[PDB]
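J.: First the structure, which I've put down as structure tokens, then a few questions once you've had a look.
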Amino acid sequence: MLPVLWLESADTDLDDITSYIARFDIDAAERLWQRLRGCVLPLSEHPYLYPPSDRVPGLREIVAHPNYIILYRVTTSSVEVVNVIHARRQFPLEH
Amino acid sequence: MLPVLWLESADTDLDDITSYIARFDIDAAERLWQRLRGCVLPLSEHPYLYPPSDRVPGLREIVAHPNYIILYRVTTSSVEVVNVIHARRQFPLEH
Amino acid sequence: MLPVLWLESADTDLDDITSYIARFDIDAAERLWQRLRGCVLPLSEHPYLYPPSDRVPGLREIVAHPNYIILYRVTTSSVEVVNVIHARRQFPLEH
Amino acid sequence: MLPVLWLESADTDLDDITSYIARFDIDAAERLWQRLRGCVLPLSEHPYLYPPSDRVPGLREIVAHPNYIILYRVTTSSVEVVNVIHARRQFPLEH
Amino acid sequence: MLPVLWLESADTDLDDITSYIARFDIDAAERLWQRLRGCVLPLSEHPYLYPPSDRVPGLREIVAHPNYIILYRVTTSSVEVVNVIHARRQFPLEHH
Amino acid sequence: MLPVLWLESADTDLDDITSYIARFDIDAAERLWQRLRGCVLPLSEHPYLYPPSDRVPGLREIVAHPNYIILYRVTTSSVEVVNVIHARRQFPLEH
Amino acid sequence: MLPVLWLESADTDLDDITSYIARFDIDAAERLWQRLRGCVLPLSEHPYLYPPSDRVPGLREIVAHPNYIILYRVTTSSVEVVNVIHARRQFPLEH
Amino acid sequence: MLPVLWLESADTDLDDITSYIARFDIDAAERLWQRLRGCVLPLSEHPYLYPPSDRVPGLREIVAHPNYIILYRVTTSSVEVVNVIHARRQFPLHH
Amino acid sequence: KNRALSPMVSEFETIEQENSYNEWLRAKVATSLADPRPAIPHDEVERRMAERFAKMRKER
Amino acid sequence: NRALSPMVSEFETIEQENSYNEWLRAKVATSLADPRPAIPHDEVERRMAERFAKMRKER
Amino acid sequence: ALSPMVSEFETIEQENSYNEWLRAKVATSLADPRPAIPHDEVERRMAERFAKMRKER
Amino acid sequence: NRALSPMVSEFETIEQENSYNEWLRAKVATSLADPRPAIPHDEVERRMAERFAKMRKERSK
Amino acid sequence: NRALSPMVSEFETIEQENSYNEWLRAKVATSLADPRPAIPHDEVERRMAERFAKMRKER
Amino acid sequence: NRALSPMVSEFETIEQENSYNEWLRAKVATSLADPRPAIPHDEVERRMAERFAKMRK
Amino acid sequence: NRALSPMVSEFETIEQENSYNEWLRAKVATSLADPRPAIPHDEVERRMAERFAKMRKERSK
Amino acid sequence: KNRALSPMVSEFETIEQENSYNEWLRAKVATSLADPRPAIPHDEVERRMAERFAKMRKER
């Protein structure tokens, strides 16, 4: 079993995505977090489930939702969630 | 395990999608089939991995690509791919 | 992996419990079904998680909620949910 | 694998609960310790088995018995048992 | 994981052993079953935890107790308990 | 994982057992060391595999061979092999 | 589980190959049968283990030995060994 | 489930093999990497598909292609790919 | 002689309550195991639950 | 209907979303009603291979 | 007003009171400076306490 | 650049796809350069929990 | 034969050890020959549970 | 034509490979066209056991 | 003291079992109290492998 | 001494050649296990492979 960790950049992504969505619909933001959370925890037992990313070598992409992708990687000791991004737009940004 | 089967409707969906994409880029169509193929076969050992569908009770949805969704169901004897659709447009049709 | 099935009696139990709770709070009914659903689906990959039943030899008991217990058995071919009962009262009753 | 560790507050909870039960029935006390111990040790291989706590964010709850709940957390290095509490009464209390 | 199953011979051994120990001490019989059961159920997630037997090819030996050995084997679909025997004496074999 | 360590007294036991055996059958002394070595190595990844000791609370007993027992304990930082003893005789004695 | 069946042509291949080898080294013939047999028996629990064939669509290839390939396919109801062939020479050849 | 890891030697093997092939055909080399990768990741859920090698005790051989063999071993904590060699000639001879 | 049970030692209030319950439970299970209808896949239970809730919500 | 943010939904209006989901439900309902048997996955692979092979040969 | 089919608590004020007790109990528990003890030390203490209880009878 | 069918790409042009992919590579490179260690998943849940709670308090005031 | 050391063997002599091992293979042969299907672990649990109940009751 | 390197291909030329693959697709098509039932793996084992026994006589 | 059946106990009598278990806790209590540090498993492997090397070279004169 | 081997019987042409190859392999394995460097995760190999192909294609 590999434990699931998040990089702080991925938690920032998460903070920014749920914040922006909740300015329109807070229940949708909460629904999205529940999807993301549910995509990620089975990686603990099946870390190689998702395809290796062709745009970022060394990571894998979950298409969690038609608008959101989770980028993650499998280390010696853990599954690391690296970023959560919008699938079509360059969002979340800056910081 | 459970063996993986396609309903004939799903194979038609798959023909309609790849053939349409292949008007513009046949490599894109072949990449997409390779993606769908690789989402579906691990269902044979982890059929409950993807979330229940909120739109079609009794099925589950794989977001295989930001534009395509696979709908499948877990029966007593098999995993059945039911349909492959576009995630945002009403495409393809049904004959 | 063993597939998860419910005995018809267990689903009647489910129907009896959720309909009674919904007389008071549909939301609470859905929440409990969401909990029961979540206790049984990892049995597909870890059939012997919960302890052998003291009262019904051959079954195992999940205490899904301080008021509800799931009874299940691991057969040669499947995990079957056998009943869902109130933990302190004799409910759902007979039919 | 994560090692399983008890916070010291959690061990005095255990001391309080079994002490109290034992004034009425030692076997019942010892049967409960056997349940709690058997619920917790598989957390070293299935730390995310039990649902997040709604009441105590960051913790997870085991309903070990219709009357007892184990609260635990999954850290970077270990699984920690945080408290053991009666599920419906505010017991054991604060010494 | 692999599911855990017992051949009927293994369940018979288990019957012979516990009922015999129970002639003398029924708690000792019950404690031994609890040991044997707890040696076997981990095989579901770690079937190869024990090394192949030198004296019975195809099988693996668990020394559950200084007096009792579990023989099991890993198949395509399951972990199968094949026999439960005394480690030192030719026990049990019923005389039918 | 937890590193596996031997208490100095365990290595003395292991020394006393192998030298006594080998003044009969040195290849048997080696076969036994190979058994004990193989019993102990997986403890780094499955430290709770073997049952608690009934005669020494806080330790666990491996019945490595019908005549030999390994006593170990799992620690905040390590698995520690504590003693290796004959299972029916009081051997090795201290010195 | 899907049963493993052989098409009569596959058994003829296997007859032709083992008999040829047996004219030089019957123990090598037996070792080869033992190897092919070993590649094929887990197909009943992992039918999709080996990759889709590029040159024969609908089949899958096992490189059982540097000189021998097994062709098989997964049907609705079974796994069928279709042919056993030499990896480099056109052998066995028709009757 | 065990994580899949490569020894530095095996990645050097990979580097030289695909380098040499790419002198003649980059696409052939890329397809061979895709085959090798697909032979190795299913080792994560079934470390023991392949039988013990009889010429390299401790290792298991996958014949991934009629010209290439993967040597791997199963440890207490991981599947380790040890080397990737040519099946027939002594090839290949820092990362 | 019934005994009362402390709520920290039992989820039942008296041993009669507990014994009665376990006999009811054992009987409930025996009946379920004797039903000859086939077991249903989990995801059809999903379908049935989804529609039951839908039905319940179409009222007020 | 009113527009939804591209961060909140993959549809541009509630009306478009509802339309899609009733379309999807209809599609699935016919799929399941089809009397023909399900085909094994490797048969789908065989058909895909040939479908591509055709497309390519027609340049 | 909670049916015992609905909640292990009888009202929402008694639920919230339990949840606040719990939250404070956890806060206290997590703040303690003392190191966590390995599971098998807990087993050792548990064994000692039962042994002591059974003796004193 | 060249416009793309909404059924071939999730991007409208090849220019926008290349810009996105370079942006994403840059984002990942920043992420993996951050010195701070990773946090357990359940700490992410704890933070998510408290942020939603915060948003709901603010929304009710 | 001649007596083995209790620190070397669980058997008193070599002949005794070879007899046991031939007995053991005989047992394993019979078990694999039995045509009956293997039972799930949890049915062994229930047979044990009932065998202990009847033992205890008859006392 | 074209010669091929023994670390690129298990074949020596591009026709030998093409020839093999055509022969293979042919062999398979014949195999699938044979109208006899498949036999269970166990029968193949028994057949093989007998064929080896004959060979050792 | 009263005999035990060899299917029931690995000890011949109860006195012999108690004698053993008291010896065993005494042996343990000593091991835990020893001030010397624990050694990695690898060092035990090396020590052992060297202890056999010496043995067989010894049985060669 | 030497024996030729049928191409149906062996992937080597000669038993001297088979034995030479097998000693080479045992040697090769032995040095691999002796390297003190840590093992790398699969995904890092995937990263290394991607960058090497990308380099190769550019360099052309």
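Ligands are numbered from 1 in the order shown, residues from 1 within each chain, and chains are lettered A, B, ... in the order they appear in the structure tokens.
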As a ChimeraX atom specification, could you give me every residue of chain A near chain C (at most 12 Å apart, counting only C-alpha atoms)?

T.: /A:38,42,45-46

J.: Go ahead and write the residues just picked, N, CA and C atoms, as a compact mmCIF listing (two decimals), in the first residue's frame.

T.:
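Full text of selection-v3.txt as output:
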```txt
# COMPACT_ATOMS: atom_id res chain seq x y z
N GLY A 38 -12.24 11.33 -4.28
CA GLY A 38 -12.49 9.95 -4.61
C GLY A 38 -11.68 9.41 -5.75
N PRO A 42 -8.06 5.77 -4.16
CA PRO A 42 -7.72 4.44 -4.67
C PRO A 42 -6.33 4.34 -5.23
N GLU A 45 -3.88 1.98 -3.42
CA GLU A 45 -3.82 0.56 -3.66
C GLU A 45 -3.58 0.20 -5.11
N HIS A 46 -3.77 1.14 -6.04
CA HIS A 46 -3.52 0.93 -7.47
C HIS A 46 -2.84 2.15 -8.06
```

J.: Please provide as a PyMOL selection string all residues within 12 Å of residue 9 in chain L, with the sequence filter that same-chain residues fewer than 2 positions apart are discarded (counting only C-alpha atoms).

T.: (chain A and resi 87-88) or (chain B and resi 21+24-25+28-29+31-32+65-68+86) or (chain L and resi 2-7+11-18)

J.: Using only C-alpha atoms, which protein or nucleic acid residues come within 10 Å of residue 59 in chain F? Drop anything in the same chain fewer than 2 positions from it, and give the result as number ranges by chain.

T.: F: 50-57, 61, 70-74, 80-82; K: 40-41, 43-44; O: 28

J.: Any idea what's packed within 12 Å of residue 12 in chain F, counting only C-alpha atoms, ignoring anything in its chain fewer than 6 positions away? Could you give it as a ChimeraX atom specification?

T.: /F:6,18-19,81-85,91-95 /O:31,39,44,47-48,51

J.: Might you pull out every residue within 9 Å of residue 40 in chain N, with only C-alpha atoms counted and same-chain residues fewer than 6 positions away left off, and present them as a list in words?

T.: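 Here the answer would be residues 3, 4, 5, 6 and 7 of chain G.
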
J.: Could you tell me how far CA of residue 44 in chain H sits from CA of residue 48 in chain J, in Å to one decimal place?

T.: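 That distance, rounded to one decimal, is 29.0 Å.
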
J.: Compare C:69, C:49, C:10, C:64 by their minimum atom-to-atom distance to chain E, counting only C-alpha atoms, and give me the closest one.

T.: C:49

J.: Using only C-alpha atoms, what does the table of chain H residues within 8 Å of chain G look like, with each row giving the shortest atom pair and its distance in Å to one decimal, sorted by chain and ascending number, as CSV?

T.:
```
residue,atom,partner,partner_atom,distance
H:38,CA,G:51,CA,8.0
H:39,CA,G:50,CA,7.8
H:42,CA,G:49,CA,7.6
H:49,CA,G:42,CA,7.9
H:63,CA,G:63,CA,5.8
H:64,CA,G:63,CA,6.4
H:65,CA,G:63,CA,6.1
H:66,CA,G:66,CA,4.3
H:67,CA,G:66,CA,6.4
H:68,CA,G:66,CA,7.9
H:87,CA,G:66,CA,6.6
```

J.: Hey, what does DSSP flag as strand (DSSP E or B) within range 37-90 of chain B? Can you give it to me as an MDAnalysis selection string?

T.: chainID B and resid 52 60:65 68:74 79:86

J.: Write the residues of the preceding selection, restricted to C-alpha atoms, as a PDB file, in the first residue's frame.

T.:
```pdb
ATOM      1  CA  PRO B  52     -21.932   5.793  -9.930  1.00  0.00           C
ATOM      2  CA  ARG B  60     -20.839   4.283 -13.820  1.00  0.00           C
ATOM      3  CA  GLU B  61     -18.947   6.946 -15.779  1.00  0.00           C
ATOM      4  CA  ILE B  62     -15.289   7.012 -16.790  1.00  0.00           C
ATOM      5  CA  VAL B  63     -14.100  10.459 -17.863  1.00  0.00           C
ATOM      6  CA  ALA B  64     -11.557   9.035 -20.282  1.00  0.00           C
ATOM      7  CA  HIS B  65     -10.650  12.348 -21.897  1.00  0.00           C
ATOM      8  CA  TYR B  68     -15.361  11.682 -23.965  1.00  0.00           C
ATOM      9  CA  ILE B  69     -17.141   9.639 -21.302  1.00  0.00           C
ATOM     10  CA  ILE B  70     -17.532   5.855 -21.122  1.00  0.00           C
ATOM     11  CA  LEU B  71     -20.699   4.523 -19.509  1.00  0.00           C
ATOM     12  CA  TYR B  72     -20.475   0.982 -18.205  1.00  0.00           C
ATOM     13  CA  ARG B  73     -22.292  -1.332 -15.854  1.00  0.00           C
ATOM     14  CA  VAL B  74     -21.260  -4.175 -13.581  1.00  0.00           C
ATOM     15  CA  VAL B  79     -18.493  -5.651 -17.084  1.00  0.00           C
ATOM     16  CA  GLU B  80     -20.531  -4.142 -19.957  1.00  0.00           C
ATOM     17  CA  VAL B  81     -19.464  -0.990 -21.779  1.00  0.00           C
ATOM     18  CA  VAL B  82     -22.847   0.556 -22.586  1.00  0.00           C
ATOM     19  CA  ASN B  83     -22.058   3.771 -24.513  1.00  0.00           C
ATOM     20  CA  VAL B  84     -19.224   6.119 -25.425  1.00  0.00           C
ATOM     21  CA  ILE B  85     -20.361   9.725 -25.738  1.00  0.00           C
ATOM     22  CA  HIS B  86     -18.978  13.231 -26.023  1.00  0.00           C
TER      23      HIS B  86
END
```

J.: When DSSP is applied to the backbone of this structure, which of chain J are assigned helix (DSSP H, G or I)? Write them out as a PyMOL selection string.

T.: chain J and resi 14-33+41-57

J.: Can you work out the spacing between CA of residue 84 in chain E and CA of residue 34 in chain E in Å, to one decimal?

T.: 13.6 Å

J.: Could you superpose chain I on chain P by least squares over every Cα, matched in sequence order, and send it back as a PDB file with C-alpha atoms, in the first residue's frame?

T.:
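File produced: out_12.pdb:
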```pdb
ATOM      1  CA  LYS I   1      32.931 -31.229 -27.730  1.00  0.00           C
ATOM      2  CA  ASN I   2      30.654 -28.467 -28.917  1.00  0.00           C
ATOM      3  CA  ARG I   3      27.287 -29.485 -30.289  1.00  0.00           C
ATOM      4  CA  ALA I   4      25.158 -27.612 -32.752  1.00  0.00           C
ATOM      5  CA  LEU I   5      21.592 -27.019 -31.621  1.00  0.00           C
ATOM      6  CA  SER I   6      18.530 -26.993 -33.805  1.00  0.00           C
ATOM      7  CA  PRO I   7      16.741 -23.627 -33.880  1.00  0.00           C
ATOM      8  CA  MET I   8      13.546 -25.346 -32.676  1.00  0.00           C
ATOM      9  CA  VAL I   9      15.222 -26.703 -29.546  1.00  0.00           C
ATOM     10  CA  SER I  10      17.337 -23.712 -28.520  1.00  0.00           C
ATOM     11  CA  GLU I  11      17.659 -19.995 -28.988  1.00  0.00           C
ATOM     12  CA  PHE I  12      21.424 -20.684 -29.013  1.00  0.00           C
ATOM     13  CA  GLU I  13      23.319 -22.228 -31.911  1.00  0.00           C
ATOM     14  CA  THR I  14      25.803 -24.308 -29.880  1.00  0.00           C
ATOM     15  CA  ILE I  15      26.014 -25.435 -26.257  1.00  0.00           C
ATOM     16  CA  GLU I  16      29.179 -23.329 -25.895  1.00  0.00           C
ATOM     17  CA  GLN I  17      27.192 -20.268 -27.019  1.00  0.00           C
ATOM     18  CA  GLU I  18      24.515 -21.086 -24.446  1.00  0.00           C
ATOM     19  CA  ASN I  19      26.897 -21.839 -21.585  1.00  0.00           C
ATOM     20  CA  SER I  20      28.909 -18.705 -22.296  1.00  0.00           C
ATOM     21  CA  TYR I  21      25.683 -16.661 -22.303  1.00  0.00           C
ATOM     22  CA  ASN I  22      24.434 -18.029 -19.006  1.00  0.00           C
ATOM     23  CA  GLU I  23      27.768 -17.325 -17.384  1.00  0.00           C
ATOM     24  CA  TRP I  24      27.708 -13.794 -18.782  1.00  0.00           C
ATOM     25  CA  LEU I  25      24.118 -13.360 -17.584  1.00  0.00           C
ATOM     26  CA  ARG I  26      24.847 -14.612 -14.059  1.00  0.00           C
ATOM     27  CA  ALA I  27      27.828 -12.244 -13.941  1.00  0.00           C
ATOM     28  CA  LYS I  28      25.793  -9.321 -15.232  1.00  0.00           C
ATOM     29  CA  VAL I  29      23.218  -9.896 -12.498  1.00  0.00           C
ATOM     30  CA  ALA I  30      25.808 -10.239  -9.708  1.00  0.00           C
ATOM     31  CA  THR I  31      27.203  -6.875 -10.747  1.00  0.00           C
ATOM     32  CA  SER I  32      23.737  -5.241 -10.757  1.00  0.00           C
ATOM     33  CA  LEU I  33      22.858  -6.555  -7.325  1.00  0.00           C
ATOM     34  CA  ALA I  34      26.166  -5.282  -5.916  1.00  0.00           C
ATOM     35  CA  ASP I  35      25.737  -1.713  -7.127  1.00  0.00           C
ATOM     36  CA  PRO I  36      25.002   0.436  -4.038  1.00  0.00           C
ATOM     37  CA  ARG I  37      22.825   3.026  -5.749  1.00  0.00           C
ATOM     38  CA  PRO I  38      19.162   3.105  -4.714  1.00  0.00           C
ATOM     39  CA  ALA I  39      16.517   1.721  -7.017  1.00  0.00           C
ATOM     40  CA  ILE I  40      14.437   4.282  -8.864  1.00  0.00           C
ATOM     41  CA  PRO I  41      10.641   4.465  -9.162  1.00  0.00           C
ATOM     42  CA  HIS I  42       9.205   3.215 -12.418  1.00  0.00           C
ATOM     43  CA  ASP I  43       7.853   6.627 -13.316  1.00  0.00           C
ATOM     44  CA  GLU I  44      11.323   8.181 -13.198  1.00  0.00           C
ATOM     45  CA  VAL I  45      12.412   5.573 -15.695  1.00  0.00           C
ATOM     46  CA  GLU I  46       9.438   6.856 -17.701  1.00  0.00           C
ATOM     47  CA  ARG I  47      10.773  10.408 -17.423  1.00  0.00           C
ATOM     48  CA  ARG I  48      14.253   9.334 -18.497  1.00  0.00           C
ATOM     49  CA  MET I  49      12.931   7.401 -21.489  1.00  0.00           C
ATOM     50  CA  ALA I  50      10.673  10.228 -22.552  1.00  0.00           C
ATOM     51  CA  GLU I  51      13.532  12.665 -22.570  1.00  0.00           C
ATOM     52  CA  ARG I  52      15.971  10.292 -24.285  1.00  0.00           C
ATOM     53  CA  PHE I  53      13.527   9.860 -27.151  1.00  0.00           C
ATOM     54  CA  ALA I  54      12.969  13.612 -27.260  1.00  0.00           C
ATOM     55  CA  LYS I  55      16.743  14.105 -27.456  1.00  0.00           C
ATOM     56  CA  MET I  56      17.060  11.507 -30.237  1.00  0.00           C
ATOM     57  CA  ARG I  57      14.344  13.168 -32.300  1.00  0.00           C
ATOM     58  CA  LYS I  58      15.890  16.651 -32.114  1.00  0.00           C
ATOM     59  CA  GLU I  59      18.404  15.245 -34.671  1.00  0.00           C
ATOM     60  CA  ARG I  60      16.998  15.237 -38.208  1.00  0.00           C
TER      61      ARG I  60
END
```

J.: If we count only C-alpha atoms, which residues of chain E reach to within 12 Å of chain D? Please list them as a list in words.

T.: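 Filtering chain E at 12 Å from chain D with only C-alpha atoms gives residues 38, 42, 45 and 46 of chain E.
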
J.: What does the distance between CA of residue 6 in chain E and CA of residue 86 in chain E come to in Å, to one decimal place?

T.: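 These two atoms are separated by 17.4 Å.
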
J.: Can you pull out every residue within 10 Å of residue 48 in chain H, counting only C-alpha atoms, but drop anything in the same chain fewer than 2 positions away, and send it as a ChimeraX atom specification?

T.: /E:48 /H:43-46,50-52,60,73-74,79

J.: Give me the RMSD in Å over all C-alpha atoms, paired in order, after least-squares superposition of chain M onto chain J.

T.: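 The optimal C-alpha superposition leaves an RMSD of 0.3 Å.
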